[PDB]
Every structure is written in C-alpha cells, then in structure tokens.
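The chain below stands alone and is given as structure tokens, in the form solved without the DNA.
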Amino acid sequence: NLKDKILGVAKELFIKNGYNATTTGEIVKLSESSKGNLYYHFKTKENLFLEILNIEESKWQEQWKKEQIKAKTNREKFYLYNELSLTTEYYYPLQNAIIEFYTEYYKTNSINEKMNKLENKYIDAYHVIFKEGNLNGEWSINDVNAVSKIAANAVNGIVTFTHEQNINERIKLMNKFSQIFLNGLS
C-alpha cells in the first residue's frame, strides 16, 4: 500500500533499532517512495511515530478484548491483562523506542497533543476494570483515575525493564505484583 505499507516499515525500524536509531532516509530505502509521500499523512518524524504507536496500541487493545473472555471476576481481568501484557507482539515491543522519544522530542507539543490520546487509551482497560470493580464491589476506589495511571505504568515497568530474565520468571513476578496491588486496594 502507498502510505500504509510504509507504516509497517518504520514499525520494524523502531522495534528493531529505536527512534533516532532509524531515520527518514532509512525508511525511504525499504520504503521505495519519495520524501513527499510522507509529507501528506506523516507531517514529521514525530507524527509517523506517534501514529504507528496508537495504531499498534489498538491491535493490542483489540486482542485484549478478544481475550479477556477467559476471565470471570474483574480481579481476574486484572491479573490477566497484566499477564497478557507480557506476551503480546503489540505496542510494548517498542516501549524503549518510546522512552527515547520521550526525550528527543519533549520541547514540543506532542506529549500532550496526539500523545495524550494514547495516554488515554493506554489506561482505559485499567479504568474499566477498576470502575466496573466498584460496581461488582470487588473493591472500591475513590480516585480510580489515579490508581489507573499508577497500575498502568508500574505494570509497564515490570514488562519493559525485565525483558532479560527468562519468560516464565517474568510471568510469575507480574502475578505476584497483581496479588499485592489488588490486595493493597481493598
């Protein structure tokens, strides 16, 4: 595809190399297009990036839906969502590229611009879970927005910063996490 097949390119240059570890010229290579095709939908490096981000976060949010089904109590949705967060091939596989981006481009309205849209969807699944937790009364939080951002990131840390130790060790830890967190709420 025109400006669509190009999108799947950078995605890999970012997951395979990082943000400034991949450039337009680069893209253009396996891309095979002109530095104007990008002009249209992709105004700047940031855009292309901030764009691919959300896209992927969505394939994730989508898989999450087509999967939570195997969880009864919301509390199970919690443990699960975090667990799955570990195995997906979506979004998280370029959270380091984002760590960089957070620096290389923070003297510029993008963080809260389009990147604020992501910040929302990124903590949505948690928001539901927690919110619907008050209903089912599995617990009860008086600031669901705070706890939601909290959970989201911590979990994201457990996923990002431990990508070295074997995959099964990881799954165990994350579960010992959810136990503690959920238990710290009620």
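Superpose the two forms; the largest set of C-alphas matching within 1.5 Å is the rigid core. Residue indices: 1-based, along the sequence shown.
One more form of this protein, solved in complex with the DNA, exists but is not displayed; see below.
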query = Counting only heavy atoms and a 4.5 Å cut-off, does the DNA in the entry with it bound sit next to every one of 157, 161 and 170?
reply = no
ask   = Of these, 113 to 121, 66 to 74, 141 to 149, 32 to 40, which stretch puts a heavy atom within 4.5 angstroms of the DNA in the entry with it bound?
value = 32 to 40
message = Against the DNA in the entry with it bound, would residue 180 count as a contact residue? Criterion: heavy atoms within 4.5 Å.
response = no
ask   = With the partner left out of view, is residue 45 within 4.5 angstroms of the DNA in the entry with it bound by any non-hydrogen atom?
value = yes
inquiry  = So, residue 24 and the DNA: in the entry with it bound, are they within 4.5 Å at any heavy atom pair?
reply    = yes
query = Hey, which residues along 155 to 186 are within 4.5 angstroms of the DNA in the entry with it bound, non-hydrogen atoms only?
reply = none
message = With both forms fitted on the core, check whether the Cα of residue 27 differs by 2 Å or more between the shown form and the other one.
response = yes
query = Taking the rigid core as the reference frame, is the Cα of residue 170 displaced by 2 Å or more between the shown form and the other one?
reply = no
query = Hey, does residue 51 budge by 2 Å or more at the Cα between the shown form and the other one once the core is superposed?
reply = yes
inquiry  = in the entry with it bound, the Cα separation between residue 9 and residue 167 changes by 3 Å or more relative to the shown form; did it shrink or grow?
reply    = closer
ask   = Where do residue 100 and residue 112 end up in the entry with it bound, Cα atoms closer or farther than shown, with a change of 3 Å or more?
value = closer
